[PDB]
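Next up: just one chain, as structure tokens, the form deposited in one PDB entry.
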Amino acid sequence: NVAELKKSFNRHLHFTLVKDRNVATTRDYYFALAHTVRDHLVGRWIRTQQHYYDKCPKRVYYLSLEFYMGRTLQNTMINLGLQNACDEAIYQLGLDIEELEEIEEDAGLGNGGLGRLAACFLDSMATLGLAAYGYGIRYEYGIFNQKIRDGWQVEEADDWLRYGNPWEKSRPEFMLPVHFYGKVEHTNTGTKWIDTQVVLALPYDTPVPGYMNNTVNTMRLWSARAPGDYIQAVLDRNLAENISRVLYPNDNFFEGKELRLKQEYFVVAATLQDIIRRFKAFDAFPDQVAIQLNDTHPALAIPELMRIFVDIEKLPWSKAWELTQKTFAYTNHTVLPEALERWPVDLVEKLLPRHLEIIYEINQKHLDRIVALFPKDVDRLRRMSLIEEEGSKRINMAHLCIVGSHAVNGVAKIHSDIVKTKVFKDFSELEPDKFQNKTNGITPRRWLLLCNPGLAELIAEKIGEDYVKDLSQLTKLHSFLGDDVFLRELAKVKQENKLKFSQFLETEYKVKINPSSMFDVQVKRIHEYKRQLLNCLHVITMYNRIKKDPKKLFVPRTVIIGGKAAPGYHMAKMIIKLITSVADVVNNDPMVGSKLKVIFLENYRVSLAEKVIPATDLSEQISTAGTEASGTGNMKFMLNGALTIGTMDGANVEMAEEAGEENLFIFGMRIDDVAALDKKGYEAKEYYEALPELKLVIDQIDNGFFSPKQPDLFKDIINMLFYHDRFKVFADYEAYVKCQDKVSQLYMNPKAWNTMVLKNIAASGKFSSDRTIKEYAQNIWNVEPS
């Protein structure tokens, strides 16, 4: 009870932090609390892992280069059902728990959607009581902290481990060596990989508590450690430790840096040896082991498992290749060509010479089969080989992932279809059953219970709390479609969120927020395919309109656009500057006043999403049709009371399917409209003329209305937009703006706006990661939710 939580807290402050109430810092209080909460995890954690050893159910291994975990304290208190008791204990000790919680750094070991999907999967897998493990890398530095300077993004090192991480547990007894470079030696004993450089891998375990179910799983992250001048030799140990130093900040973009390849083989080698070791405590290996490949990043795992089976375990190739396919499953997360992993055979040859041999082997057996089925289709061979002979020979990691796995899945109906029927038509045709779909999901714990306590409560007061573990239960909120009191209560919750988040924007930015305006938000990583630009074109279009007619009845808006750009992404940085430039001109214009305010949410990250999302009314999901494989921010917003304005793309389609197309503000081109416009040939100049408001928008940008001191500042954008916009911004502008007006129309009718919201929330059940995982478990890993 509260009493014991307070005693424990004091115990830790004293013994663990060596402090008194007269000298304890705010940080000391947070750590003391974390420890107090952390202790409640031990019993179950040991019990859970022990239970997996005893009953030996098939285990699931989620192998990913990223895990966008966020903060742990609160999530752990909720899932353990200790939040209310802790809130009380901390209150009685004269402290502000919210204040202590803010001290915790986000474990931002991910770039965005992909990394966050891994985090939601862990929570779900633990909640469904599955024997699942997350295997990744413990980056000393996660995704950079974003700061805006002179309207531009500046990167600062995210030194999240500086003051310590109470949620991680070093597991020194499981350290393992990883090999790099060296050479292949073909002898009578077989193929040996010798003269390699060694790097030690030290695993760090982090508990993953299921929601109210006694289960605490593990996320094992590996850290790299080192195994002429003496002083300099010691310093060069840093070179080996550089492997797990920092997470590559690219979202949907392939950068073929050697260090990156090292990280990939690193996590792959350590993980597989650790799995093998655990297994031997091989015919039944795939009946006990399931390894999910999160995108092609861990593709090397396939030839590494083979290498272990063949070179170390001495199994015959045929047998080894069979077990491998039954062990792996591959998830495809993108369609953009510049994101595709294609490593130069030269780099791989030098760094992983034995693996290159193995990949060649795989390809040989693979291609021989194709001929043994289509003896004359010559172009089909090169089209299907894991090797791209064009110019400089490179490896198509996706193809390696397809042949080395028994199942390949996309992350949304539309996406999976494109992956199965177009992108990999040749492979799907040969192995029909291999390709599947598994529509993404988000955990309703962090993205509802934790981030929106007001909503969670309102809902539970109307239909009970069964919905937490079975989100489909939300369909019962339909019974309240005509209930005016409930609808007023729904909007009240949304209002409290907006008021709390406003006070946040107030202290952070010198802008007076119209608490009654509509919160128009587009938060996600900055990328042309995501179109923060199109949105920006709209904001500017609204600016002008107010100038021309400042008396016109206008629904006030607070437009929020936030997200980080990859350091080496020039266009994204230009767009950020463009937006901050626009914001300044709009925010300070005397005629616009509290009618329209533009904010660029700085340092958008998981813990910040938990704040802004619940305070949103309008969710911007406007990616060009066919570009966003699925999206998950769209779901978070849907579940949190916001209406969506977007294209029929990724999971947006299924959101319309569930809620009813009429209850979402769909617009612009669809997958086929994009195809047609391609064949014809896109010429942005035409819309620039046919659409008068656009021309004005564009001219102001290019003329320097938003960049006086630098008239041609944004020329790079104009240039791209007019002759190199592979994402057709102008082509959806008319429909987009047209759609936006309608959004404001509905907003004026509170009763109708909230009616549509209710239909959205009541239809979000399908997007719970719990449903996603049950499908993965049943149709891919073949494991049972206990």
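One-based numbering along the sequence shown. Take the two forms, find the largest set of C-alpha atoms that superpose within 1.5 Å, and that set is the rigid core.
We do not show the form deposited in another entry, though everything after this point is about it.
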Would you indicate which listed residue, out of 335, 518, 178, 666, moves its Cα by 2 Å or more between this form and the one not shown relative to the superposed core?
-> 335
Spell out whether the Cα of residue 292 moves at least 2 Å between this form and the one not shown when the two forms are superposed on their rigid core.
-> no
When the two forms are laid on each other by their rigid core, does residue 553 show a Cα shift of 2 Å or more between this form and the one not shown?
-> no
Comparing between this form and the one not shown on the rigid core: C-alpha of residue 255 shifted by 2 Å or more?
-> yes
Cα-Cα shift for residue 251 and residue 208, closer or farther in the other form, minimum 3 Å | farther
Inter-Cα distance between residue 255 and residue 410 in the other form, nearer or further [3 Å or more] | farther
